[PDB]
Amino acid sequence: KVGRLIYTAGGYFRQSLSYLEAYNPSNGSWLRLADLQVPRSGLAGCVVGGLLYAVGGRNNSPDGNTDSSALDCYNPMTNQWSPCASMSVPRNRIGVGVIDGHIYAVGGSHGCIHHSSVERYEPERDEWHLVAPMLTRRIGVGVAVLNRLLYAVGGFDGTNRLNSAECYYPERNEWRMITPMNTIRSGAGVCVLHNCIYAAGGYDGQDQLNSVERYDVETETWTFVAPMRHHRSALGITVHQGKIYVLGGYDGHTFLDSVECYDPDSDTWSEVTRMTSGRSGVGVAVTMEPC
Ligand SMILES: Cc1cc(O)c2cc(F)ccc2n1
């Protein structure tokens, strides 16, 4: 269990960013690692087999906006990025989850197109294949996996921001609606901790949110927990050693550098570190320290 870092890839502040930086909760340190080959915001990160993957996003730059179909793999042992097979379609403001060593890419946008499509990556074969689409088009969608079921939470369908959520049952290749959240949220941070899917922050169509609610997959209810100290949309999120970490985002005024940590035992959030610069739209995952 020792030696794991929280990696943050990409993001946005004025333009899309190429940063890869890793935070060590055991000593408070940050390391700057190899830049992404292409700057991107609105991407997702995940880890399979100790490799970090950056999935989708968009390169917002002075000279244009390019939605990304890219899958890139970072090996901490070499501090190098390598291209992997690209997805079927560009997906900005994507959500990603891992089931049994396979990466699911969910939703996202391509220009004015809001995807319901979903595809699955097989690392051993370096291949993507489309699976059943969601019941709803969703960009800015939060995704997490619990008990080998994939959840897609909130987002924006092209007309409305969503409180709805749905679950993918892989053995049936089928999506079904679940209980909707109490709050409309696009660009929330979504993760799994114990037996619940958490949705933290986001944007409800009027304000960036500090509220946090969790879906108990047994009782099918959403319950609010303690709110974050900061309102934030387009935050990064991950779980590490039984606690939720939220990174950056936008509070309606500032691109935040603050990282908060949720302790479920005490139902409290505390500020644990700051990123080296404020940013939103990062991808986040946990794996072993590099080199
Ligand atoms: C106001 C605002 C907030 C974001 O979180 C953004 C993220 C992006 F990737 C690009 C633009 C953005 N603008």
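Search segment 249-291 for residues being of a type in the set (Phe, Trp, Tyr) and more than 11 Å from the ligand (Cβ to nearest atom), and hand back the single one that is farthest from the chain's Cα centre (by Cα). Before the answer, list the steps.
Pass one, segment 249-291, residues of a type in the set (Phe, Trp, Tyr): 250, 255, 262, 269.
Keeping just the survivors that are more than 11 Å from the ligand (Cβ to nearest atom) gives 262, 269.
Details: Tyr262: 17, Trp269: 19 Å.
This residue is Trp269.
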request  = Test each condition in (1) in contact (Cβ under 8 Å) with a residue 40 or more places away in the chain; (2) under 19 Å from the mean Cα position of the chain (by Cα) for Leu135 and report the one that comes out false.
outcome  = (2)
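Among the residues of segment 57-68, count how many are outside any strand (DSSP E or B) and either surrounded by 21 or more Cβ atoms within 10 Å (Cβ to Cβ) or within 14 Å of the ligand (Cβ to nearest atom) (or both).
Qualifying residue count, segment 57-68: 3.
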query = For segment 85-98, does any single residue satisfy the condition of being free of Cβ contacts under 8 Å to residues at least 40 places away in the same chain, crowded, with 21+ Cβ neighbours inside 10 Å and either touching an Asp or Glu at 6+ places or on another chain (Cβ under 7 Å) or at negative phi (or both)?
reply = yes
message = Out of everything in segment 32-56 that is β-branched (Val, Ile, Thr) and more than 16 Å from the ligand (Cβ to nearest atom), what residue ends up being farthest from the chain's Cα centre (by Cα)?
response = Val48
task = Taking the residues in segment 11-29 that are crowded, with 17+ Cβ neighbours inside 10 Å and part of a strand (DSSP E or B) as candidates, determine which candidate is nearest to the ligand (Cβ to nearest atom).
result = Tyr12
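Of all residues in segment 131-181, which are outside any loop (DSSP other than H, G, I, E, B) and of a type in the set (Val, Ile, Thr)?
Of all residues in segment 131-181, those outside any loop (DSSP other than H, G, I, E, B) come to 139, 142-146, 149-153, 156, 161, 165-172, 174-178.
Residues satisfying the conditions are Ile139, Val143, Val145, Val153, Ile178.
Readers should treat all values here as calculations from the given coordinates under stated rules, not as data from a laboratory. Positions of Cβ are generated from backbone atoms using ideal geometry, with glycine treated the same way; all protein chains shown enter the neighbour counts.
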